[PDB]
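Visitor:
Number of protein chains: 6
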Amino acid sequence: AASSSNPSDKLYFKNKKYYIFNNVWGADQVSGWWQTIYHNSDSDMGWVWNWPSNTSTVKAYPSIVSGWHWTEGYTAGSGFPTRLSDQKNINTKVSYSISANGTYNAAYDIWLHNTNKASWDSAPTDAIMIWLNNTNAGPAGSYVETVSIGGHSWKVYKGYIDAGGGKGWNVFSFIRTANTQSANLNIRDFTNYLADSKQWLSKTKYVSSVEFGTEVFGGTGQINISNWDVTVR
Amino acid sequence: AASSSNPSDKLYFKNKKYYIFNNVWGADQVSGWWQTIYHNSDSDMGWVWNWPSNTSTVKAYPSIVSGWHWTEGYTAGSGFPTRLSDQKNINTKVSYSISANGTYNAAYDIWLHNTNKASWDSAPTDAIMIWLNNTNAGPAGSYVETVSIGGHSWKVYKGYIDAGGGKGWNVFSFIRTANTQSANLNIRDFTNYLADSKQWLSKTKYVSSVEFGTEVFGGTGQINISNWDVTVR
Amino acid sequence: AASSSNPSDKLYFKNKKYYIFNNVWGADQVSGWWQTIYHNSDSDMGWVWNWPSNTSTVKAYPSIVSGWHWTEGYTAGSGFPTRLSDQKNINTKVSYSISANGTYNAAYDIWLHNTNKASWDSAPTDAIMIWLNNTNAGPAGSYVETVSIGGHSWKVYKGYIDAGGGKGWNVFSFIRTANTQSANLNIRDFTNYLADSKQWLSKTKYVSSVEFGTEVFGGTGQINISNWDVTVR
Amino acid sequence: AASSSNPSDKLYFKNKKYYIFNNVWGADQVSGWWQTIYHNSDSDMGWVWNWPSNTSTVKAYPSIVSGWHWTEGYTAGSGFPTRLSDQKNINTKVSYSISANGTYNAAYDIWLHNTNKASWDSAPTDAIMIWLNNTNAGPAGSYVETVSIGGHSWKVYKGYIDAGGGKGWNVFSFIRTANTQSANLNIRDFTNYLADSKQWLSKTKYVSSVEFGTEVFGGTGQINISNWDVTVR
Amino acid sequence: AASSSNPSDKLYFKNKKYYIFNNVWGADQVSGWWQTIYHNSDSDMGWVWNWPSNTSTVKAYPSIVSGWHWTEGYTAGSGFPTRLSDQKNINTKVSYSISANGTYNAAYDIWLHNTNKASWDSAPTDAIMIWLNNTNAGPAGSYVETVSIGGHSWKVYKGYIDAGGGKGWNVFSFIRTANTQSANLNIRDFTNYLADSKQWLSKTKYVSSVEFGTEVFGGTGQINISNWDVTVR
Amino acid sequence: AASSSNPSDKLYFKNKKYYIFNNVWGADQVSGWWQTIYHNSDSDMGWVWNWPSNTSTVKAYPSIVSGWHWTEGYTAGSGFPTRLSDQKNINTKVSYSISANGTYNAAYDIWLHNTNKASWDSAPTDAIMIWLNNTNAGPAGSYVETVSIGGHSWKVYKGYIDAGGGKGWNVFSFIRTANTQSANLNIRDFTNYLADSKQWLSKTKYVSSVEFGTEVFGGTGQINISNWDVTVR
Ligand SMILES: OC[C@H]1O[C@@H](O[C@H]2[C@H](O)[C@@H](O)[C@H](O[C@H]3[C@H](O)[C@@H](O)[C@H](O[C@H]4[C@H](O)[C@@H](O)[C@H](O)O[C@@H]4CO)O[C@@H]3CO[C@H]3OC[C@@H](O)[C@H](O)[C@H]3O)O[C@@H]2CO[C@H]2OC[C@@H](O)[C@H](O)[C@H]2O)[C@H](O)[C@@H](O)[C@@H]1O
Ligand SMILES: OC[C@H]1O[C@@H](O[C@H]2[C@H](O)[C@@H](O)[C@H](O[C@H]3[C@H](O)[C@@H](O)[C@H](O[C@H]4[C@H](O)[C@@H](O)[C@H](O)O[C@@H]4CO)O[C@@H]3CO[C@H]3OC[C@@H](O)[C@H](O)[C@H]3O)O[C@@H]2CO[C@H]2OC[C@@H](O)[C@H](O)[C@H]2O)[C@H](O)[C@@H](O)[C@@H]1O
Ligand SMILES: OC[C@H]1O[C@@H](O[C@H]2[C@H](O)[C@@H](O)[C@H](O[C@H]3[C@H](O)[C@@H](O)[C@H](O[C@H]4[C@H](O)[C@@H](O)[C@H](O)O[C@@H]4CO)O[C@@H]3CO[C@H]3OC[C@@H](O)[C@H](O)[C@H]3O)O[C@@H]2CO[C@H]2OC[C@@H](O)[C@H](O)[C@H]2O)[C@H](O)[C@@H](O)[C@@H]1O
Ligand SMILES: OC[C@H]1O[C@@H](O[C@H]2[C@H](O)[C@@H](O)[C@H](O[C@H]3[C@H](O)[C@@H](O)[C@H](O[C@H]4[C@H](O)[C@@H](O)[C@H](O)O[C@@H]4CO)O[C@@H]3CO[C@H]3OC[C@@H](O)[C@H](O)[C@H]3O)O[C@@H]2CO[C@H]2OC[C@@H](O)[C@H](O)[C@H]2O)[C@H](O)[C@@H](O)[C@@H]1O
Ligand SMILES: OC[C@H]1O[C@@H](O[C@H]2[C@H](O)[C@@H](O)[C@H](O[C@H]3[C@H](O)[C@@H](O)[C@H](O[C@H]4[C@H](O)[C@@H](O)[C@H](O)O[C@@H]4CO)O[C@@H]3CO[C@H]3OC[C@@H](O)[C@H](O)[C@H]3O)O[C@@H]2CO[C@H]2OC[C@@H](O)[C@H](O)[C@H]2O)[C@H](O)[C@@H](O)[C@@H]1O
Ligand SMILES: OC[C@H]1O[C@@H](O[C@H]2[C@H](O)[C@@H](O)[C@H](O[C@H]3[C@H](O)[C@@H](O)[C@H](O[C@H]4[C@H](O)[C@@H](O)[C@H](O)O[C@@H]4CO)O[C@@H]3CO[C@H]3OC[C@@H](O)[C@H](O)[C@H]3O)O[C@@H]2CO[C@H]2OC[C@@H](O)[C@H](O)[C@H]2O)[C@H](O)[C@@H](O)[C@@H]1O
Ligand SMILES: O[C@@H]1[C@@H](O)[C@H](O[C@H]2[C@H](O)[C@@H](O)[C@H](O)O[C@@H]2CO[C@H]2OC[C@@H](O)[C@H](O)[C@H]2O)O[C@H](CO[C@H]2OC[C@@H](O)[C@H](O)[C@H]2O)[C@H]1O
Ligand SMILES: O[C@@H]1[C@@H](O)[C@H](O[C@H]2[C@H](O)[C@@H](O)[C@H](O)O[C@@H]2CO[C@H]2OC[C@@H](O)[C@H](O)[C@H]2O)O[C@H](CO[C@H]2OC[C@@H](O)[C@H](O)[C@H]2O)[C@H]1O
Ligand SMILES: O[C@@H]1[C@@H](O)[C@H](O[C@H]2[C@H](O)[C@@H](O)[C@H](O)O[C@@H]2CO[C@H]2OC[C@@H](O)[C@H](O)[C@H]2O)O[C@H](CO[C@H]2OC[C@@H](O)[C@H](O)[C@H]2O)[C@H]1O
Ligand SMILES: O[C@@H]1[C@@H](O)[C@H](O[C@H]2[C@H](O)[C@@H](O)[C@H](O)O[C@@H]2CO[C@H]2OC[C@@H](O)[C@H](O)[C@H]2O)O[C@H](CO[C@H]2OC[C@@H](O)[C@H](O)[C@H]2O)[C@H]1O
Ligand SMILES: O[C@@H]1[C@@H](O)[C@H](O[C@H]2[C@H](O)[C@@H](O)[C@H](O)O[C@@H]2CO[C@H]2OC[C@@H](O)[C@H](O)[C@H]2O)O[C@H](CO[C@H]2OC[C@@H](O)[C@H](O)[C@H]2O)[C@H]1O
Ligand SMILES: O[C@@H]1[C@@H](O)[C@H](O[C@H]2[C@H](O)[C@@H](O)[C@H](O)O[C@@H]2CO[C@H]2OC[C@@H](O)[C@H](O)[C@H]2O)O[C@H](CO[C@H]2OC[C@@H](O)[C@H](O)[C@H]2O)[C@H]1O
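Protein chains in written order, with the deposited numbering: chain A, 29 to 261; chain B, 29 to 261; chain C, 29 to 261; chain D, 29 to 261; chain E, 29 to 261; chain F, 29 to 261.
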């Protein structure tokens, strides 16, 4: 077992296919905070946080990463990158529980690029978010419609994140109409909706990453994850 | 942004008109505790605490200070001291939220003296408290009556705090009949009630300070303040 | 007052008749945790914890000890060891409150031996547990029946803890049918039930210890104890 | 074993004849600091500190206390108070080691009063300090002379500490001419010098306390004490 | 007094002309570290650190900033920006002491731009460093010569820092031939050497910032600063 | 990078061939301590500690493990267990630096068993220690002689560690006659000396583990390791 607390710390697991990532990307202008990632086993892991702030900015996204995350390449054995036109199933399973106050979510974050050689400075072209928990928060962009995908109902949002210099990505968010602590999803169901139903995503693009974590806007609490996997088949 | 954790630490803001004060005045005989003050912006600030104790003594009053607080003088630009007979409006606005357990309040603490040159050892003559939150607590002194002042209903209490050696002050507490997270008050409405309606306060006295904070008796939690000002007009 | 945080720390009180014990016996394979014991007075003491884990193993039993606990002997003035056949009253009083999440209990743990000279390596023969709080947990062994003892109703369980090498003890657990924050019990009522009603305990055995604490499986929180004593009469 | 870190925490030992005291009396106007007292056994105890400051004010005096220290009375079995005219031996033994930077001392602090019923607000009449270590520091008052007492050479200083309101005490400091890590002293040798040789102390006064600790002006480090006792015979 | 420990925290002082800055720019790929900035007064301030690493990368530059530092503008009253062709004196005074192990320096860092409206994304054109302490370190670029400027001898180095995308700055480092704890310097003496003696700097450029801090490569320790000012005249 | 601080935490590296181990085996009866293990890269790793105690007991052995350590089996790819009669080279390389006070060593710890299926409760038969640093410490057992092995001179000691119940192991310690920060050793040179020159070790035994770490008796400091490997060929 191990537990780490500095910015951008990584706890690898499953033969380095995944890592828990102490991602504090939104923290520069706030203080008073702490965030610790931990791994006891592959079925007992999570993170603990304290983000004292009332603002609507994301302070942090402690998370599990499979694939790329502004890294030189992709985690070993992850199955990323995978081109959408290859039509692989991207099967994910998670079971978790949160005890927290304030404003946060629990969400998948899926990154796409045009390149199959994403590196440390490769800006994504698109992000897909799948929120299993929304606690007092709301997504980027504008509400489109409610859809049934994968046996769940989702409110769909579409926006654009400007990352400076012409860098920036579409963001497509799927917010479950009620919170859930477990899901078994195929990311391909969501990318097929965006590509074939909405004509918002080209199948020439590559899925670079599947991440799962909690965006924290403010408050204190923790998550524990009791089941996790992402497999590209 | 900044966040500090030692006893009596001060985080100044608004051109040093105010400071957040890590006031732990009641802590000498307890242990196991911590208290951190933070300022991200003038609309995003607060404090976090842990006071493990069951007793009815106030352990701490983390707070924002305007004016005097056992200091050589008064914060710059605060407008203190102001003599009650000058009849200035003392307009205060606060919006806040607490997430905590145990026993605590959220309260204004207004200090008065006979002297307009209050220094580090000048014992006040009177304290006025205005409680916007009461969580399992109760004030000093005895219940007088319920009054409507400033558009709110308040239970009024009157007591006396003995500070040793003949030092000591009246304490007049106004406890809102239900908790609220925001208020816009004129302290003059409260001092006029005490002076003109109850004949308990001379208008020869000076208001030395307006403070807002949480008296903590026991438990753990935090406050965040999203709006704050005190202006003497 | 004092507050300590390392494994197996001890805070003695009442002329060393008792100690608060930072017992982390189940912690070897987990990380991310902390646990602090504190004593402000003999009527204001407790402990604070954070045990991030989903598993059904006991991580820790922060507790007050009277008597023996894998020590060379017994706390001074505790009245232990006492032979069951001497039929002494073992009167205990506790009042407490917990604020926590996760999975935990509040329980007496009473140790028995054949020897009246229990030492640091003397494996007990039996444990009796009396749970005043059960929060999402459950005991060792199998359910027997519900009984009224001492004015309370208890679900009774019987199991066996294997401690290796032939070492191991019976465990008899009494789980109150609803949680309570205070109790006045005579341990002799429980040992008489086990010995005379169930024929599960010989009165040749000695009571070595009476402990009270919280077994924590996972989560974060604290206890405060406002009344405590154990007296052998 | 135990280790505590809040202001004014106390770790009692030797049947409460002594306590280690987390004395931070000079800390109000500084920040960034920490101080922890610990006791593993009566021959393995000490404290650890960090006092980031360049100033000549004493920030803290972590110490062992026997007798009184602004308390209602005197530690049990200490032998205090003892009237100087009763001519008791006050035998002290200490062995210690410091590893630190900055500015500090290791010093006995002996308090005297006119009253044999010193209470929590009883201002002393005199202090005697016996410095076994001086690291970049210097005492209150003015240099008198160098004397041989008890087999050691001491630079003697005489000053007066003003504690406000007419409260205040003489301070007589004996600074060893070279540092030492161990000493066996009889306080009566020092009070006899002050009374009979210098005519600076009346034998009507009572010794209220013998304390040993490190005054820290700035820096970080620790002390460990391997032998300690004070006995009035 | 105050003391803060999160990345990029700021403690302003001197009417916000300066701030102490918890600058951890090189920390992304290391762990196990901490860094705290503190201010007791304008003559008693500093920082404490622990950077466990053997590598030659700068992990952090805790520092005092006057002027710009990837901010929207310049600190109030700093006197920045100032165009070199205006030939203002830029007088700096510092007195400090370090107690540390490992590899570090104590150095001024002076930033220049072509623009007098430097903003949060304005890459500098040049950096000038003035090292008062070198402990096991060495500068960027190549050694030029040893020069006497301002009454001190300096080893002069010239390099170029590539900041990506065409962004990047010359770096001119002046390393005192022996360490010193205090200096009174005029930055204009150094910019005149670079411009008029070496023809390496155009006087069309603006000085945007004067900073003083410790680049830490590895190790633990602290600095205390007892005198500080930067004035543009 | 990662850094962990709880007892028995593990940071695996090199495809789980090794782990850094937060081994605090001697800590039960002391307090005031902390110990953190960290890994930035395979050439930048180490640990930081604070063990306030004067006693001659080993408090902790933060270390890198290859092979077994009271585990069910041996680290993957370590090459353990290896039977001495197979005469494999066991080549080790380390380069490190310590900055610390107090009493400690830097030492290899090599464990042997009769069994090639060592499990979590398999008591070793022998330990071999190779001390590259001795700071105020001394080994178990009695001095034999000084020998030249592998190009270094070593003081050789022989003792026996009683682990209870008949469990216990020979301990053979080789203490370099002067400290060194780097070594390239073949463990077979040391086991051949013990077996063939001294007739103290049977070649039927298996090497189960090669560990390198710092036994800490007391004090505070850190190690950094810049090169590490153990290979069985
Ligand atoms: O160039 C220097 C080093 O760069 C490091 O990479 C950093 C990138 O430079 C950052 O852009 C990047 O930030 C992203 C962050 O990691 C994501 O988790 C976050 O995800 C958002 C997503 O954008 C959003 O659309 C969706 O709805 O929600 C998710 C989950 O929260 O996106 C961040 C992108 O930020 C850009 O766009 C938004 C603007 O507000 C922002 O200013 C833009 O930057 O982060 C990486 C990693 O480092 C940082 O994040 C983790 C922190 O712990 C760390 O402290 C940060 O530095 C490379 O890894 C290094 O190699 C380079 O040296
Ligand atoms: O003389 C040495 C240094 O004194 C410092 O001033 C301290 C005073 O000496 C204390 O009396 C004072 O305590 C008061 C505290 O700051 C207030 O917040 C508190 O407010 C109460 C109020 O009285 C009560 O009536 C109302 O209902 O609730 C409010 C909010 O909680 O009142 C305290 C007064 O205490 C006296 O009366 C009650 C008795 O129980 C008590 O024993 C009496 O003392 O505090 C100041 C500031 O320092 C202390 O408080 C803040 C802590 O963080 C710090 O550790 C404490 O020292 C000067 O500032 C220094 O310059 C002097 O050197
Ligand atoms: O031999 C080396 C040192 O031993 C120390 O004694 C330890 C014993 O060796 C451990 O067996 C013992 O663990 C017990 C623990 O302290 C109890 O609180 C716990 O109580 C359980 C009870 O068994 C259970 O039946 C009931 O329902 O719930 C209670 C309350 O939680 O029982 C533990 C017994 O563990 C054994 O059986 C179960 C197996 O899972 C386990 O592996 C077995 O060991 O603990 C003592 C004290 O030290 C340890 O516990 C406290 C921690 O803080 C510390 O870190 C641990 O070492 C001696 O005290 C030393 O003198 C010896 O040198
Ligand atoms: O009235 C409220 C509570 O008071 C508490 O008692 C405090 C006294 O009020 C303080 O005066 C006292 O401070 C003294 C300190 O404890 C001593 O260790 C120190 O010793 C000096 C000595 O004077 C000096 O002459 C010699 O050379 O060096 C020694 C060792 O360092 O003296 C302090 C006296 O301070 C007065 O005089 C000097 C002035 O600068 C100063 O302002 C004056 O006050 O301390 C006690 C104990 O509490 C405080 O100290 C320990 C801290 O941890 C704690 O945070 C502080 O409050 C009672 O104990 C309570 O019951 C009362 O409610
Ligand atoms: O765009 C997102 C946010 O950017 C923030 O500004 C950051 C810049 O983006 C970084 O380039 C900048 O890093 C510099 C750092 O602050 C300086 O102190 C350092 O100074 C060096 C100097 O270059 C060197 O030449 C000299 O010899 O030594 C000094 C003292 O150490 O230079 C850093 C420049 O880094 C670039 O070039 C070198 C490359 O290795 C590197 O990758 C390049 O980036 O830092 C600012 C401030 O934030 C960061 O630094 C402080 C940290 O605490 C913090 O965590 C970091 O983010 C804006 O302030 C935000 O508004 C933007 O949203
Ligand atoms: O049975 C319950 C759990 O046991 C765990 O294994 C522990 C063993 O039970 C302990 O005996 C073992 O302690 C040894 C320690 O890990 C070694 O590093 C140490 O090495 C010494 C060596 O003996 C000495 O001869 C040489 O000169 O120096 C080295 C380096 O310091 O030896 C310890 C052996 O201790 C025994 O003999 C000496 C007696 O004083 C002592 O009382 C005896 O016990 O440790 C393991 C691992 O856990 C413990 O150590 C690491 C700590 O972080 C942790 O907190 C401790 O529990 C199993 O791993 C679990 O699966 C079992 O459930
Ligand atoms: O998934 C994140 C998403 O939740 C966040 O939504 C923002 C949205 O972009 C913005 O337009 C709107 O003003 O605020 C949203 C967050 O606020 C909501 O949740 C928090 C509650 O406290 C609020 O009350 C509620 O309204 O957008 C970020 C991406 O942010 C980046 O792009 C947009 C910029 O405004 C930010 O500065 C960037 O960091 C998603 O990651
Ligand atoms: O505003 C504070 C006020 O709440 C506090 O009230 C005391 C009151 O003075 C006392 O008479 C009574 O016994 O206890 C009150 C606090 O208890 C209540 O709130 C906490 C809950 O746990 C309790 O159950 C509930 O009854 O008084 C302090 C001032 O205290 C000082 O003067 C009175 C002395 O008794 C104290 O020792 C002094 O510190 C207000 O600041
Ligand atoms: O008092 C402790 C008791 O609560 C614990 O019960 C175990 C029981 O022994 C085991 O058979 C069963 O599988 O799990 C019980 C705990 O789980 C329950 O509470 C926690 C919730 O999260 C679960 O959902 C709920 O089912 O037993 C320990 C003693 O444990 C030791 O003996 C049994 C072994 O399995 C352990 O490894 C030993 O440590 C009591 O102290
Ligand atoms: O034992 C303490 C004693 O060391 C301290 O000495 C002061 C002395 O009272 C003062 O006159 C002089 O200016 O400074 C002395 C301390 O400075 C010396 O040691 C620290 C080094 O950094 C300096 O360079 C060196 O000169 O006095 C205190 C008592 O202080 C109280 O009375 C005097 C007042 O000035 C203080 O404010 C009071 O707190 C002894 O406890
Ligand atoms: O002031 C910093 C300066 O000291 C640092 O010098 C580097 C130099 O740029 C590089 O060429 C050389 O390899 O290492 C120097 C540091 O090493 C020396 O000091 C540390 C000791 O441990 C070493 O033994 C000793 O040789 O350069 C940075 C700027 O760094 C940036 O540009 C150069 C890139 O290599 C870095 O990645 C960048 O961050 C100055 O801020
Ligand atoms: O490698 C460890 C070894 O250094 C330690 O040596 C002990 C030796 O066993 C004991 O006979 C002697 O009294 O003390 C040695 C340590 O003391 C020396 O180093 C520390 C300095 O402070 C001292 O001044 C100096 O003399 O032995 C342990 C193993 O210890 C176990 O067996 C022996 C028992 O006495 C212990 O209780 C056991 O833990 C080696 O791991």
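Even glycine gets a Cβ: it sits at the ideal position worked out from N, Cα and C.
Could you have a look at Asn220 (chain A) and say whether DSSP puts it in helix, strand or coil?
Guide: In the first sequence, counting from the first residue as 1, residue 220 (chain A) sits at position 192. Residue state, collapsed to three classes: helix.
Visitor: Run down chain F in chain order and give the residues with a C-beta less than 9 angstroms from the C-beta of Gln63 (chain D).
Guide: Position 35 of the fourth sequence holds residue 63 (chain D). Those within 9 angstroms of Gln63 (chain D) in chain F number zero; the least Cβ separation is about 11 angstroms.
Visitor: Where does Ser225 (chain C) fall in DSSP's three states?
Guide: As a first step, residue 225 (chain C) must be located in the third sequence, where it is residue number 197. Three-state result, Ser225 (chain C): helix.
Visitor: I want to verify the contact list: residues of chain A whose CB lies under 7 angstroms from the CB of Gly74 (chain B), in sequence order.
Guide: Taking the second sequence and counting its residues from 1, the one referred to as residue 74 (chain B) is at position 46. Here the neighbours are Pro80.
Visitor: Give me the Cβ distance between residue 286 (chain E) and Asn129 (chain D), rounded to the nearest whole Å; I'm assuming they're in contact under 8 angstroms.
Guide: Residue 286 (chain E) lies beyond the residue range present for chain E, which begins at 29 and ends at 261; the question has no answer from this structure.
Visitor: Checking the sheet assignment: what are the DSSP bridge partners for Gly249 (chain C)?
Guide: Within the third sequence, residue 249 (chain C) is the residue found at index 221, counting from 1. For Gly249 (chain C), which the question treats as bridged, DSSP gives the partners C:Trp77, C:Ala128.
Visitor: Using the three-state DSSP reduction, which class does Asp114 (chain B) fall into: helix, strand or coil?
Guide: Against the second sequence, residue 114 (chain B) aligns to sequence position 86. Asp114 (chain B): helix per DSSP, three-state reduction.
Visitor: Please classify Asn164 (chain D) as buried or exposed, where buried requires at least 16 other C-beta atoms within 10 Å of its C-beta.
Guide: As a working note, residue 164 (chain D) is residue 136 in the fourth sequence. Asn164 (chain D) should be labelled exposed.
Visitor: Going along chain D in order, which residues have a C-beta closer than 8 angstroms to the C-beta of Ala30 (chain E)?
Guide: For the purposes of this step, residue 30 (chain E) is identified with residue 2 of the fifth sequence, where counting begins at 1. Here the neighbours are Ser59.
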